[PDB]
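Just so we're on the same page: letters track the sequence lines, and every chain starts at 1. When a ligand or atom number is given, it counts from 1 through the structure's own listing order.
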Number of protein chains: 2
Amino acid sequence: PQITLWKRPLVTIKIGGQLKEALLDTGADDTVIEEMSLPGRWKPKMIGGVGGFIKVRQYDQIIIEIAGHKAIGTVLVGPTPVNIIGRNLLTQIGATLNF
Amino acid sequence: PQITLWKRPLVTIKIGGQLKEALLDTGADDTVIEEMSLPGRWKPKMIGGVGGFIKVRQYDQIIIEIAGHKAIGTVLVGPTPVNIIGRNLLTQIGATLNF
Ligand SMILES: CC(C)(C)NC(=O)[C@@H]1CN(Cc2cccnc2)CCN1C[C@@H](O)C[C@@H](Cc1ccccc1)C(=O)N[C@H]1c2ccccc2C[C@H]1O
């Protein structure tokens with residue numbers, strides 16, 4: 001679709017078989033989802049944004065559906081304030097900014 | 001224009017008579033610019049990022065040019081790691097996310 005920005009660009013995702021709401025975030029390098037049980041091995045990671053750094057679980061090669069579009073890639077899991085779809089997966093689904 | 005997301009979507013902005021580089025950020029509600037001595041009045045604000053909150057100065061009705069497109073709105077100034085153009089100004093320049 002084409003998504004305007006008057007409201008947060010929230011979409012439904014499917015991850016681990018579960019539906020969640022997430023924010024399409026062009027300012028995020030990576031994808032980070034709130035704490036959940038997720039099938040795969042993981043390793044510790046830290047990511048930083050405004051306000052500082054958080055500790056996350058890094059899961060590689062995770063199947064995720066974003067507004068009906070398939071991606072398979074790195075998903076971080078940890079105490080993010082909101083679920084965030086970042087550029088690593090926005091690129092997979094062919095998302096661009098236009099003006 | 002169209003901007004892909006293989007790298008951070010950085011553009012040139014003009015604010016306060018100065019050129020800066022800034023990130024077009026659909027995940028950001030607000031626009032946050034690195035410390036700069038903008039004139040006049042401002043209001044204290046705290047804004048929340050992925051890692052917690054930071055202190056900023058809120059300036060209203062600020063003239064800013066984003067990739068050649070003029071606009072006007074609220075700009076938050078403080079110790080941000082990157083200059084961030086958020087939805088309050090992305091809407092003004094008619095930006096969308098497309099896939
Ligand atoms: C107005 C303000 C700027 C404070 N907003 C944000 O920071 C929001 C906060 N919400 C949360 C919120 C908090 C409170 C209230 N409402 C919402 C989550 C989404 N972010 C938007 C992010 O796109 C901001 C960027 C900024 C940044 C870019 C590059 C380098 C440093 C900082 C961000 O945090 N990106 C980082 C990022 C993000 C996810 C995964 C990995 C990484 C690395 C890095 O790219």
Nearest-contact summary for [atom] - protein heavy atom, Å:
| atom | answer |
| --- | --- |
| atom 28 (C) of ligand 1 | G27(A) O, 3.5 Å |
| atom 26 (C) of ligand 1 | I84(B) CD1, 3.8 Å |
| atom 39 (C) of ligand 1 | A28(A) CB, 3.6 Å |
| atom 45 (O) of ligand 1 | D29(A) N, 3.0 Å |
| atom 34 (O) of ligand 1 | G49(A) CA, 3.3 Å |
| atom 31 (C) of ligand 1 | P81(B) CG, 3.8 Å |
| atom 27 (C) of ligand 1 | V82(B) CG1, 3.9 Å |
| atom 19 (C) of ligand 1 | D25(A) OD2, 3.3 Å |

Contact check, side chains of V32(B) and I47(B), non-hydrogen atoms, under 4.5 Å: yes
Student check: side-chain heavy atoms of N98(B) and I3(A) closer than 4.5 Å: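 A side-chain contact is absent here, since even the closest heavy-atom pair is not under 4.5 Å.
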From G86(B), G48(B), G52(B) - option closest to atom 5 (N) of ligand 1 by heavy atom: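 Comparing heavy atoms across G86(B), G48(B), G52(B), the nearest one to atom 5 (N) of ligand 1 lies in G48(B).
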Is there a donor-acceptor contact under 3.5 Å from the side chain of [X] to the main chain of [Y]?
| X | Y | answer |
| --- | --- | --- |
| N83(A) | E21(A) | yes |
| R87(A) | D29(A) | no |
| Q92(B) | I72(B) | yes |

The single option from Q58(B), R57(B), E34(B) passing side-chain contact (heavy atoms from CB on, under 4.5 Å) against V77(B):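 The passing option is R57(B).
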Plane angle bin for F99(A) and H69(B) - parallel if under 30°, tilted between 30 and 60°, otherwise perpendicular: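 Perpendicular: the ring planes of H69(B) and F99(A) meet at over 60°.
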Ligand-residue contact atoms, ligand 1 with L23(B), heavy atoms, under 4.0 Å: 28 (C)
Structural part of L76(A) in contact with ligand 1, heavy atom criterion under 4.0 angstrom: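 It is neither; nothing of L76(A) touches ligand 1.
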Ligand 1 contact by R8(A), heavy-atom criterion under 4.0 angstrom: yes
Approximate separation, where rounding is to 0.5 Å, of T31(A) OG1 and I66(A) CD1: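 The distance works out to 6.5 Å.
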